[PDB]
Every structure is written in C-alpha cells, then in structure tokens.
Amino acid sequence: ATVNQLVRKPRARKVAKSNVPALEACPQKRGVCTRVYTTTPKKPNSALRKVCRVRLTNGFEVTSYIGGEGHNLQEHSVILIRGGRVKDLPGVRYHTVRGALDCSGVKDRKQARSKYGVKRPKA
Amino acid sequence: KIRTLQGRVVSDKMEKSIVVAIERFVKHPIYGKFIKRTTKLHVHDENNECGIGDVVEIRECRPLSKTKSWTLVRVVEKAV
Amino acid sequence: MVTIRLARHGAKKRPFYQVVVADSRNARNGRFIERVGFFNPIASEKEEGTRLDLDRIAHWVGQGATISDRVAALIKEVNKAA
Amino acid sequence: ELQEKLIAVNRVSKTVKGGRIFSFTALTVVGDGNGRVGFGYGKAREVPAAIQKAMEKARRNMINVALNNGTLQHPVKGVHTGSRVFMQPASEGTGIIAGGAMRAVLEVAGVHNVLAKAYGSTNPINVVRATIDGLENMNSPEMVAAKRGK
Amino acid sequence: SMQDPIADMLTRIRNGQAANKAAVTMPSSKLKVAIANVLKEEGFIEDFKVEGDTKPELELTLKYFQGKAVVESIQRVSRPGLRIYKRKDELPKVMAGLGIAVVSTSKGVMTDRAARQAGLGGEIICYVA
Amino acid sequence: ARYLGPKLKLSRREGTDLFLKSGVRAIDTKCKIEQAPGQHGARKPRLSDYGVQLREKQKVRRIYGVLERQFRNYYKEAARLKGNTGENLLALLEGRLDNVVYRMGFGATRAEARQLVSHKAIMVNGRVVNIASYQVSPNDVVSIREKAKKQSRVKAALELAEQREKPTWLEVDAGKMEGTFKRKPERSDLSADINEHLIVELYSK
RNA sequence: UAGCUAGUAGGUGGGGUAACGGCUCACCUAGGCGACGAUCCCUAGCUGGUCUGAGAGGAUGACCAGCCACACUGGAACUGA
RNA sequence: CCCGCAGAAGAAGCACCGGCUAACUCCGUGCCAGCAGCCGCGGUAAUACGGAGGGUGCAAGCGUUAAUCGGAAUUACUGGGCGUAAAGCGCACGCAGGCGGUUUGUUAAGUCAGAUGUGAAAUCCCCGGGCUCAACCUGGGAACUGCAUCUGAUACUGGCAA
Ligand SMILES: [Mg+2]
Ligand SMILES: [Mg+2]
Ligand SMILES: [Mg+2]
Ligand SMILES: [Mg+2]
Ligand SMILES: [Mg+2]
Ligand SMILES: [Mg+2]
Ligand SMILES: [Mg+2]
Ligand SMILES: [Mg+2]
Ligand SMILES: [Mg+2]
Ligand SMILES: [Mg+2]
Ligand SMILES: [Mg+2]
Ligand SMILES: [Mg+2]
Ligand SMILES: [Mg+2]
Ligand SMILES: [Mg+2]
Ligand SMILES: [Mg+2]
Ligand SMILES: [Mg+2]
Ligand SMILES: [Mg+2]
C-alpha cells in the first residue's frame, strides 16, 4: 500500500514453477523405459491408457504417455520424450515422440502422420 | 576549489582520523519519493581542530592513506 | 604509434571501408580514436565514392600518425585541392 | 444513418417444478454517426424477439456526446460495476482501436479515431454502459469556458 | 492530523461543492491564498476573502454554473508522503488543455499555462478541471 | 511460392470475381461462381466478425496472388509510412511490378503478366527486371523487351486491356508496348468493393 | 545471517614503488565498519545494447564493438618499454 | 552479369475443420480403440476417435516441444486490494524511521532555470544513396530521456534563527 512500504520492501513478482521438468528447458530428453504400464484415467473417463516410467538421461525418473493406436515398446527401450500432460492420467506430464529412437511410428496412420511419426506412405 | 563538500562531523575522536557525514536528498529511482542517502568520508585535518557536531567544508585531495582522499578547508559552527 | 587505415565494414563480395585513426596494434575493425572518412571501391561511376575529411588526417599526421599504403594512394588520388 | 449493431446475445435459465426454462438476452447499440448513442437490453424467450426488443429500447434511452471533429476532446475514464474503462483522443493515426464491444458504441456514435481499453470485468452489459456514461460525463471543449468565463 | 492542509483546502472545496454549499472557510496561510488566487483568476471560484489577523481565515465563494458545481474535480498530486516536481518540458496538462494544473515555482504559484509560458517549472501542487 | 491451384475456386469462396481467369469471357458463369465453393458451399456461412475480417484480406491476397509472409510485410511497411495505413497498404500492393504489367495490358491476368516478369520480358528505365515484386515508382517506364514483342499473349493482352475501365495514373503506348507509371494511384482510383480497415483490423491485435 | 575488524583505523618516522598510499616496517594514538544492511551465505563477468511492452516496465547479455578476467590445477618470479 | 540451346520439360508439402477458431459430411468404433492448449469428446445415427470425400489455414516449409515478454490492472510507480470473497497484528505504550499548524528573516541541500563539457562507434528511428527487387550494404541527420561543472532563480521541501 504505502509508498514508504513499497520503498522498504519492493513489489516482488512470483516466479514460475514449471509443469514439465524436462530439466533445463530442453525441447526433449532421452530416457530408458523402466516399466511399460497401462493404467486407467480419472473420474469422467474410462480406458486402458498406455504409458511408461522412464529413467531420463539426466537422472529424473518420469512417467510418460505413449500416443497413437498400438505400439511396440518394452522394458529397456530407449525413447525420446517431450512436454505434454494428459489430464485423465494425473501425474503424467510428458509424451513419447513416436518414431524417435527405438519408438516406432503408429502403424497405418494416414491423417496427421507427422504427429505419431509416420512416413508419407508410398502413394 | 574544484568542488567542495559540506557535511557535519560525526567523529573527531582520533588523531586526525576525522570522518564526516554528508547528506543528500534523492528521488527514489522507482517510487519517486525522496529519501536521505548519507555518505561518510575519511578526511584529513592536520593538528586536529574540528569537533563532533561541527559543520565543515571539505575538498578532494590525493590519497593520504588507504581511506583518505580528502582534507578539510574551513570550519563552520560548533557546540551543537 | 597511431595510424590511418581502412576498416572493412563491407559485406561479403561488396567491401566498403571506413577509414580510421587508431592504435596500430588494435584489430582492423576494433577500437579506434576517430573516424576520418570512407572509401567505397564499388563506388559506381554514378556519384560519390571516396569522401575524406583531409583537415583531420592532416592534424594526426602532424601529431605523428603514419598512413596505410592504400589510404596514402586515396589521398594522392583525391588529388588534394580539386 | 440508422446504424445499429448488437454486441452480445446470451442464454439464461429460470428453473421451475418442471425443469429449466431458458430464454435469451440481447445487448444492442445504435447511433447516428454524429454524436448521440444509446444501448438497450431487452430479453425474450427466443433470440430474434430478444434483439428486436432491444434495438427498440436503444432507440430511446439515447444520450448525446460533445464530440470534437471525429474524435474526443480530452482522454476520458468511465466505470460501472466491475468494468472500468479508458479511452484517449489519439490525433488519429488511423484510430478506432478498442475491444470490439466498446468499438461498437464508439463506431456508431461517430468517434472515428480513438484508442481504448477496458479493465476489470469484460462483462459487456457493464462496459458498453461504462463507456456511454463515459462519453456522457465528458464535457464540452469550450462550455468549460461557459463553466468559467465568469 | 492537520499534517496536509493543502489537501484540506482542495477537499473542503470538493466537499462543500458537492454539498451545493454557497461558501466555505478554513484556517488560512500564505500558501492557501496563492492558490485561492489562481482558482479565482481561472474562474473556478467567485472570490476569496481572508478575515482575521492572529487567526486568519481563508474564505472562498463557490460557483455554480448550469446546475452543476463549476469545479468538476480537484485532486492533490504532490503531498508530504510523496513530493512531485516536474521540469518545464515535463509539465502536465489537465483535460487535454481544458481545466488546469497549479504549479508552484521559483517565481510563485501559477498555473501550467502560466509556468509553461514563463519557461520554468516546480512542484505540481494539484489538478483542477 | 505461387498459389498454383485451380484458381476459380477462389473467386467462388471469396464471393466476387478476382479476375483470375481474367482472359476472355466476363461476368463469370461458365464456371459455377457462388453457390457451392465446395461440397457444402450451398450453405449459409453465418460467420463471426473474425471471419468477415479474415476473408476480406484473403480476397485482397488471392487477387494480387501474394502469400501470407509478403503480405504481412506489406502491411507492416504500409503502417510504418505516414498516411492511412489501409490506403498505404493498398498503395504498396499496386506499386507491384507484375501488377503494373497486367494493368498496362501487356498481360491477360496478373498471373500471366507475372510469368512475363519472371521470364525477363520487361524493362523498367531500360534495364531488365524479372522479379514480380519490383516496386515501381512515379515517372517509371515499363516496356516489353524487343525480343519477343507482339508475340501471342501480349497482343490479346493489350487487347481486352481497353475493355477494362482502364487506369489513369498510367499512360501507355500499345505499339511499342511501353508505358509510364505517372503517379501513385489515389484511394478513389480502384476499389469500391474492398474494405481496408477490416484487414487493418485483422493485423491490429 | 546482527553484529564485523590487530595492519585492523589513524599518526610519526625508515624502507619501498614509475608514481599517491598500512604498500611495508618500527613505534604511538584506539580507533575503523554496521540496520542508508556491515559480517556471513547463495548466485553472477559488466557495458553498449538484444527481445518484448502503447508506455512504464519485464526478460536478457550469442553472433558486432568496448572494458575486465582466465590460458591443464595451485604458486612464483625472471626477461622486458 | 550477358547471349544462344532443349523441352512444361527437374521441382509440393504439413497442420487443421465441436466451441474459443477460419473450415462438414459419410463409413467404421461403441466409456472400447482413442482424442485433448482450455472447456471437454467416446455406451448405435460421433461435424471431437480412426479412415475417406470435401473444406480452411500456411508453403519449401508445416506441425510438436522447449524458452522470454505480451494479453496479466494476476506485485497495480504509472496502475490494485484487506466488514461478509486472499488480507487489520487480541489489545495497548513507545525507540529508531516516516510525516507534521501558523509567522517573519536567513540558507540554497531537495526543486527549478540557463550555459559548458561529456554521454565511444555500431544498433534503433527520419530522409536519402548502392546491389534487377528485397533481405543486405552505405551518406547524413535525429535520438542516447543520463551524468557532471559553472551561474543564476527562492514559490514549495530541507537546514539555522526568533
Ligand atoms: Mg519464402
Ligand atoms: Mg610514510
Ligand atoms: Mg501492457
Ligand atoms: Mg566467437
Ligand atoms: Mg599460472
Ligand atoms: Mg623488470
Ligand atoms: Mg466456425
Ligand atoms: Mg486431431
Ligand atoms: Mg457413425
Ligand atoms: Mg504487469
Ligand atoms: Mg484485485
Ligand atoms: Mg477472509
Ligand atoms: Mg482489531
Ligand atoms: Mg506550513
Ligand atoms: Mg552512439
Ligand atoms: Mg534502392
Ligand atoms: Mg523554509
């Protein structure tokens, strides 16, 4: 309030807790697949979502989401992950770059293939 | 004189080791209010002569010591 | 000793020099004392192409500056009075 | 120079023994392009009835505004409920920059070259309204001398 | 506490005005007067009046034009807690130009129109329109 | 970079003739224009202010055949310059060479007038300028290269060029096939059916 | 993190440096700093400027130019303008 | 950079189309497979999943992720709040600190004025000039809102006096 008051103790701007410690602001981070779970979503929804807990290059162990329809990923697969939560799966805050490292692309995808990492099918 | 400084005494109690207070007002660079930014200076005064409470005029000389780059010029007032 | 020389503020394949007085020991495009002309060698025959405050160059050569080789030419190529 | 535009249309529910009974609301602005603007609310169980009933309300409830050319004399502040709004002469660059919603009143009302901004809640019913009152309080660029003179 | 009297002037006015009060009075001072001047000379008040000697009394006659009060607003700007000073080029203009700002200078309390012409500046006491 | 796609489709969505088949026939039809720009074109596009704002600039763009990037920079340059940002925008657009080649008649549509530019079949104040966006200035003098003169296209080009309302700001031969950008077109020349302030607004927020 | 400080603060003289100087020494005075934040801890090369913002700000210090600093790590001096 | 030669010949992709937000239908699926920036879509007619036709948007790029500021007046100096929504210390006394009625004189520190110097060049910006345009390059201005020195002005604030 008071001017004195601002003088003693300046206005301070809260700092921004990130939502995705892909450590140090990194576009993505490599990791090794600890577990390949599949768990089920929150309240309204109901499904068998695929995920994987992943040891990261920088030591973080993070649970990441696997996108697409069907995937070949087991324990010891080396993957790449990006930011991107999944509200449904509380706790999951990262996605797996399909068609990166050992991660395959989604079989047969025709629409939006670059997400899901799928080559331009030999038209 | 190439500039001079005024200021009250603050401490006389030391074989010429005179230190003087200087008082400016300045606009707070952020909230515009004016505050008191004080400066203390370690000034020389041969044969000790000023006393705590004296206003005094002062000038910038070369180093008389690691601390001292100012001698005094005149005195002004006493028995505060 | 101070010197008059060409800094090359050109641009790949189309050089355009500043002419500067500076401590000869510094970099060809580094700290200098004052600028004293310019020299576009692609001037084109149109108009300008070698403006050059002589009465300063003068001053420094008075104060002991050496001149480049190229610059020396330019001065004796500006002619001098006309 | 009839000139009119509706700003926001909305649904609202009433709730009775038998369920929700819904209905709509319309917020409109009309002006001549030369001062004079009004807004109208008016609600109704169907949309076209609501906007119609509104355009009407706006025809009356019309105030006028001591413009100064295509612009405003002095920069004015307005405020009603949660909407606290501000607009400025702007020696027209082009001008007419505001949040579509008070661009609406400006536009029709004949102002041609302001810059504006709304603070607080963007709730139209109160911003278009804080603005009208805004332009209204705004006093005459010489009938300030009328004021003084003596 | 009495601490800021100039706001009190500006205020006793603002208030009484809004109370469609004919006159209004208060403890006076060199300063109150210099402004009561500019206020009159700019035509925001009818005329002042200082009626005392040991305990002087500034008195202002208010004005009402249409039905309104003439002084549509009157704010402090500098104040003990926070002094304002503007150089000449940085002087403020109220309501785009209409209405005025009272600026005290090394050559006396005068408006912004005034000080701006005088080519100087000082402490911007208050805003009026 | 060039649009390249079936070009009437555009006029149809944009609802108006952008003169992109310019050539022979006029007042379209022999096309379909209007009531089905797609498979649901039939439908009423009751559309947001954003949309009407969007489609206006789109219209202007499909016209001079300018892609987003360049158009943006046009807008930006327009705005930099004093004068009505929206007018200035329209000015720059016209200042385009390719445009001031179709406008002098040497080319059927701006698309064609352009192929000419890129194919080094033009010369400003003497010299050959093969870049479609070469801004043209008052008193300039755009001719056709002697090599390939009165060749096919360029005839019928200078032909129906007179069918058109026909400029004012530019005087132009037809035998030599030279012509002089006399002045920067004013607001009042060209237009009517184009709404700057909208595409000033689209780029204002 | 609320106290910090013995070459510590000042004086006198000897010595020293290209040069003023607790720079160093000997001896004397008992000072010097500190809530206008010392001391302690954490982080950090500074600038011009760069990005953003209507501004005020916020963020930032690659590429260009200026200054500083470092040259396997710690320490030293020799040569030399 | 210029001239000739051949033949449209070698040269289009990516995201999106439930609302925000420009762009809609069919088939498959059936709280599954799955989508998802936010709201939230999926249990038999899904414009929201996947495919297809069509469309919208950008184009040698297009999407996704990461990152700064913006919108956020959401740390509010400009520019915010604390009866009931986040927020008046359970109450008091008071040091430092902040602020302080009214008069005259004095001072000239705060404040104001002018002059001088300085504020590197590049950058930014205005007007031009040169590369076929542009990016790019360059002339010249403008600007660097700052700092200091000197001399002045004394209404306000600070100091001294009564
Ligand atoms: Mg491109
Ligand atoms: Mg000694
Ligand atoms: Mg802002
Ligand atoms: Mg390098
Ligand atoms: Mg070493
Ligand atoms: Mg040696
Ligand atoms: Mg839509
Ligand atoms: Mg999708
Ligand atoms: Mg179906
Ligand atoms: Mg903010
Ligand atoms: Mg609040
Ligand atoms: Mg509460
Ligand atoms: Mg209480
Ligand atoms: Mg007083
Ligand atoms: Mg500079
Ligand atoms: Mg040019
Ligand atoms: Mg006084």
# chains A, B, ... in the order shown; residues from 1 in each chain; ligands from 1
call {"tool": "select_by_dssp", "arguments": {"residues": "region 8-106 of chain E", "states": "strand (DSSP E or B)", "output": "list in words"}}
result
residues 23, 24, 25, 26, 27, 47, 50, 57, 58, 59, 60, 61, 74, 75, 76, 79, 82, 100, 101, 102, 103, 104 and 105 of chain E
call {"tool": "select_by_dssp", "arguments": {"residues": "chain E", "states": "helix (DSSP H, G or I)", "output": "count of residues only"}}
result
37
call {"tool": "residues_around", "arguments": {"residues": "region 60-67 of chain G", "least_positions_apart": "3", "cutoff": "10 Å", "atoms": "only C-alpha atoms (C1' of nucleotides)", "output": "PyMOL selection string"}}
result
(chain C and resi 29-31) or (chain G and resi 46-51) or (chain H and resi 68+120-123)
call {"tool": "interface_residues", "arguments": {"of": "chain H", "to": "chain B", "cutoff": "7 Å", "atoms": "only C-alpha atoms (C1' of nucleotides)", "output": "PyMOL selection string"}}
result
chain H and resi 77+109-110
call {"tool": "closest_residue", "arguments": {"among": "F:12, F:67, F:7, F:61", "to": "ligand 1", "atoms": "only C-alpha atoms and all ligand atoms"}}
result
F:67
call {"tool": "residues_near_ligand", "arguments": {"ligand": "ligand 7", "cutoff": "7 Å", "atoms": "only C-alpha atoms (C1' of nucleotides) and all ligand atoms", "output": "list in words"}}
result
residues 47 of chain F; 21, 22 and 23 of chain H
call {"tool": "interface_residues", "arguments": {"of": "chain A", "to": "chain E", "cutoff": "9 Å", "atoms": "only C-alpha atoms", "output": "ChimeraX atom specification"}}
result
/A:2-4
call {"tool": "write_last_selection", "arguments": {"atoms": "N, CA and C atoms", "output": "mmCIF file, in the first residue's frame"}}
result
data_model
loop_
_atom_site.group_PDB
_atom_site.id
_atom_site.type_symbol
_atom_site.label_atom_id
_atom_site.label_comp_id
_atom_site.auth_asym_id
_atom_site.auth_seq_id
_atom_site.Cartn_x
_atom_site.Cartn_y
_atom_site.Cartn_z
ATOM 1 N N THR A 2 1.296 1.677 1.185
ATOM 2 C CA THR A 2 2.026 2.934 1.347
ATOM 3 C C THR A 2 3.248 3.018 0.446
ATOM 4 N N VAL A 3 3.719 4.240 0.217
ATOM 5 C CA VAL A 3 4.881 4.460 -0.630
ATOM 6 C C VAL A 3 6.128 4.060 0.140
ATOM 7 N N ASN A 4 6.276 4.593 1.347
ATOM 8 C CA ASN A 4 7.271 4.081 2.284
ATOM 9 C C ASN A 4 7.351 2.575 2.183
#
call {"tool": "closest_residue", "arguments": {"among": "H:19, H:50, H:30, H:7", "to": "ligand 8", "atoms": "only C-alpha atoms (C1' of nucleotides) and all ligand atoms"}}
result
H:50
call {"tool": "residues_near_ligand", "arguments": {"ligand": "ligand 16", "cutoff": "10 Å", "atoms": "only C-alpha atoms (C1' of nucleotides) and all ligand atoms", "output": "list in words"}}
result
residues 135 of chain F; 129, 130, 131, 133 and 134 of chain H
call {"tool": "residues_near_ligand", "arguments": {"ligand": "ligand 13", "cutoff": "10 Å", "atoms": "only C-alpha atoms (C1' of nucleotides) and all ligand atoms", "output": "ChimeraX atom specification"}}
result
/H:88-91
call {"tool": "atom_distance", "arguments": {"atom1": "CA of residue 1 (chain F)", "atom2": "CA of residue 70 (chain F)"}}
result
10.5 Å
call {"tool": "atom_distance", "arguments": {"atom1": "CA of residue 57 (chain B)", "atom2": "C1' of residue 33 (chain G)"}}
result
23.6 Å
